[PDB]
């Protein structure tokens, strides 16, 4: 009955690899209390992309590298290497904000988890969405 | 709590600078928070002082990292008096509002790093902020 | 032993109280309506008894001094100086202290900064509790005086047709101080005859006033011949004075209020297409809480040959619901206010002054923000190899040609508008498929906001 | 492509928004001082910080529309019409909407009702929260417009000697609506030359103004030659508009206030019997909390032969 | 950065999995706060100056909305959620409170840039509107247990309030005999619930939020203001005597609150013009109080 | 029908069978109300929503009159009715309260068309007037037990207040030495009675009205406001020390309140111009407090 | 007293959650009150422009609260 929070804004650090890991857990409310079992990520793949705008025809700033850490514990990690961080930093907006000159808007990102197989239905699902920001660094 | 990486350094003119970081790992599960210090193995810190955040900015100076007493977690970041003079040379002539002795010299950030402790380059930024030169009178 | 006349007053604007040179102080050509002064507050303590033989006596105490008031009017007189060859208005530091709170830097890109094409003022850097600080120096005949630590409160500009373009300045100072000795030689700092000739060569006449208004929510440009108007740049600066019972006090510091860029524009009702009547009817029919209008008031007119002009641009403006002003000839009033996209973004509007505005220069000032940066004027989209059609399952990577050839932003976006028989990417590589037997279109628009259209009707068929 | 002049304005008063005929709409002969319009309210939201580098930006919202204001002046022009042979004033529905809140019925005995002798207006039936409802139609040159659901707020009558008898109307409407198409042919509904001649035959001159004042507590009629005066019929009508934060709003309904019939009469002091001096001295000598006077202001004068009068 | 303007907001009430976006909102007021346990342990050893304060609970929020009447009558759901039984477009005050706990619902206060404040476990505790010579408006008062900040939300695109109803003068009747010289008819309805605080030792080192509540009572009330008017000497209909049972109805063109039997108490004020004031409550055995909602044309 | 205007009214006080029409009345305020017993019998069987309210008593009325001083001095009867003993035109504050119960009288508030409100079992409970630089006026406060509506009444055609007394500046003396720099002399007199509620089980199903009352105490008080004035350094006459017993008189051209021995407490305010404030009450063994009423020419 | 300002969606630095211990300083050009560790409670008002209100007190084990008095030039 409560609300979800699909909109998440990420903040990356320039010159540093960014690593985010998501855990999918099955839940239920019954006579016995909340029973949680990790979701088995088999045939589950992720794919995320970043563009500088929502409107059609937006320039693709970069794309995220997807991997699954532990299927039994239902843990998947979505991250990008340091070179991708530099690429996004180059393509970010040059407009600074006072009280914190570090952060600059980089664009919008989405993540779809999908399960593709002959017996599996062609079902996709946008797990998250939001904007990507950059914390500019001076080292390196 | 939350995040407090942003702290500004005020270095003194004509005086060598040295900062002593007692790395620590507090956990608030138990009401008296655990005072366990992190153990400094396979750790290196890197920090450069660069005027402004724009790309291609000239490197005003570079921090000199010291790792001592790894067991109890403490560490030192420092730079010689010559580095202090080089920083003070390029500092802006406009003085800070709250202190008429400080002048903005640039930006900085130090980055911890694990080098293949588990075949992973787990390097993340520790702190950040602005470096301020405080004009001296002795010399 | 002498009387002082107002006609012999000379006003100098300074940023320094010592070391006065030609880059810190210049004379400001003022008019008859110049005024300055400082008022004082007092109080009367009176005993209020009720019995017979009551005490009837008062007593006065000086308790505080008010902030000094000054005001004067000047002509908008853009010109180019021989030293730097960059268009500059003589009272440029007034514009800077109005626009931004940083040190003056005409080479920069915020506040009052000039160029080889035009003099520009933008309010992108006015987020300060104490804007650039001036010192008005007043010279009446022989005696000197000045107001200490002034701040430009506002600048009134009245669009009064059959009159010359003029701006009225107002502000406040900490204290008016009379000076017995000459601060600087007014003969040297004051403007000489050569620059006076150069200035009087360029005058802005309020009669030749064209206005450019466009509804950003509907893309409808209106043709409104103005009758009279005014716009203000207001800072709402309030001066703080301490309260001390034992000694009189003068203001110590100030704090800028809310930056307002409002206006009011009167015009007659026109039944012609895209006239005043259409704008009034659209505004009273929509009845919207918020409006997005682009307003570009161009004092001095637009012409192919070089003419002086002063331009106010409001990118995202807010227009009040108009009212009909019943006179011998029916009219209306278009009261507007330039609001920013975000509160802490500034950029509510900007101004461009120059004695050399060709129509293209003001157009690219309006659409690009600078008179020197060229802007695209027209586009015809080009296919890959002068191709006129396409068949099923065939690519068409279309290109673009733009005019002028020196526009700063030569890029375009891509879109499909009419028909559903193809798809286009960011680069422009149009792609189709089978079962596409309809006529589809392709469009392109520039990223500088010029409003240029690139269209082509490609006759995609089912193939041979 | 045309400019519109105020001199070509023509005003029609209607009780219906459709089916306009000669019994629902008539032209009202207005003067130079005619005016109409509608104002809008707004608001500025400004951030008021105290620190260094404060935010200096504002924002405007249209929040509501005010009630439409209209006003015009007309000459008091009684005459008899050929169709009914009953004395009637051309702007009679204005008088009715001022007087009573019921449907117009000139055959009745309340509000604006006429006769073979005179046209009469009494306020015996004005106990209504919403008086008779009009619709002012404005024709400037070629374009049309009208104010929706008007109400007669007041009627100013200024007794200005060496001038003609005139009445100034004021009121409010829900909304001013511009009409692109012609509602009704103004040539037919507008007054023709015959009734214009009949009207201009009868004019009321404020100079020939006799006043009849009598103290009902003492039975003392006074002879007061007037110098200048005015009387008002006021309804104190207030228009209610709803407050909605998301959308602009126009007034929705109204409510009549307290009906006031005041006046002011200036005259010179006369030492003659039953003059101004006697009235002034009696009034300042009695010093009574309440007075019972009979006042009959007769514009246009009284004469043995037939004369126009209000 | 992003400032939050009240005028640029949207209030959506989430009930039964459907979003009731309440447009035609004149003004709303809300606040959020936390409860602290601040004790100062001054001892003979150390007469300290620094307190021991820990935040352990969320103070319940008190949200008040002012909503204009609308043609689609979404605002009657506030009576529906507050406990009234429904038949057609008329709301009955039940003889007995139906359930122990009130009807709980969530509420969103949307703003630009995915900003939102999420009030949960809300219940309608007060609804009162004054039928007067100004446009009627009902001020509802809801109390929340838990407030939160969320990124995505529920926005009532379809379920919304229509155009505001035009003003119409109120009139109060006894059966069908009008009561003369009305000034201001104010109606009040309440669901005086109470939070059941169940903060226990298992919630130590955690923030507690109220979750469950019970209804102490429901009631319908009205205060009528008249001018002291008498038509006869020693009149029987209009006087100051109390009326144990009398049928009353406060009628409008769009709403009519009916008391099948009413207990009226009168109060005379010797003001500039004498005013009498009624205090109308339903009797013990009176039939359920009616509240009709007529959109247009009754 | 007939509306009731305050300006068109006449207040007549009925004492001893004679009507004291108190003209020169600046303003009066009054209210009438009833007492209810409203209980809600919510049970586990039926958690009802309808209360059990019965009107069983009339709440005592609190009528306040503001009366200008007059040349015929009818207003001194308020001191006479409140308990002061009379000798000539001077009213004494008795050493002991004479009777247990106050002096009861009825009061009418007449209006046009035979309309009236009849307050019964009234007593004067407060009288205070401020001698100041404005026209003096004494606000009397009476409490009623029973209010009623009557057709015919008592109207004081003859017994009426004359012309208002012209203003005269107040002056306060000690013996015959004037006290300088007076601002506002305010005098207060009270008869702090209390209603004896005797509502019993024989009054069930009936409306009860208070009938009998007893005097808790009478007192005379005055608050004097001066400007802090000193004539000498270390002055003895004018200072801030309390004065256990000192003869005081607040004198006017038409009234003079005398304290044969007074207990004065002083209070200094550091305002724009320093002001001292006295608190004058008669001592334990002081002679009766005098209140003289001079019509004209003393 | 602040204005309710957020820079990100789901921001961590600026929110309504209580802060058990955080170093705070209310600084001026002539005075600076320092709380080495502070207990902050937040309160949001849905006024014309949303305002948040803090309630800053020093913690139990916080170092002494500083009050500096700078005459001129710090």
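Miscellaneous remarks
First chain written, first letter: the chains are A, B, C, D, E, F and G, and each begins at residue 1.
Rule of thumb we're sticking to: contacts are C-beta pairs under 8 Å (C-beta built on N, C-alpha and C of every residue); 3 or more make two chains touch, one makes a residue touch a chain.
Looking at subunit D and subunit F, the chains in contact with each of them are C, E. Between the interfaces B-G and A-B, more contacting C-beta pairs are found at A-B.
One simple way to say how far apart two chains are is to compare their mean CA positions; for subunit C and subunit E this gives 50 Å. Centre-to-centre separation between subunit E and subunit G, using Cα means, comes to 36 Å. Centres computed as Cα averages put subunit E at a distance of 43 Å from subunit F.
Note: centroid distance subunit B to subunit F, computed from Cα atoms, is 80 Å.
Touching two or more other chains at once are residues 5, 7-8, 97-98, 100, 130 of subunit A.
Shared interface positions of subunit E, defined as residues touching 2 or more other chains, are 1-3, 5-7, 114, 151. Residues of subunit D in contact with two or more other chains: 45, 47, 52-53, 55, 59, 61, 63, 246-247. On the side of subunit B, the complex with subunit A involves touching residues 6, 46-50, 53, 55, 57, 106-111, 121, 123-125, 128.
Against subunit G, in their complex, subunit A makes its touches with residues 5, 7-9, 11, 97, 100, 103, 130-131, 133. Remark: subunit C residues 126-129, 235, 255-260, 268-272, 275, 277, 281, 284, 287-291, 318, 320-321, 323-330, 337, 339-340, 342-346, 348 touch subunit D in the complex. Of all residues in subunit D, those touching subunit G in their complex are 45, 47, 49. Taken in their complex, subunit F has these residues touching subunit C: 131-133, 169-172, 178, 181-185, 227, 272-273.
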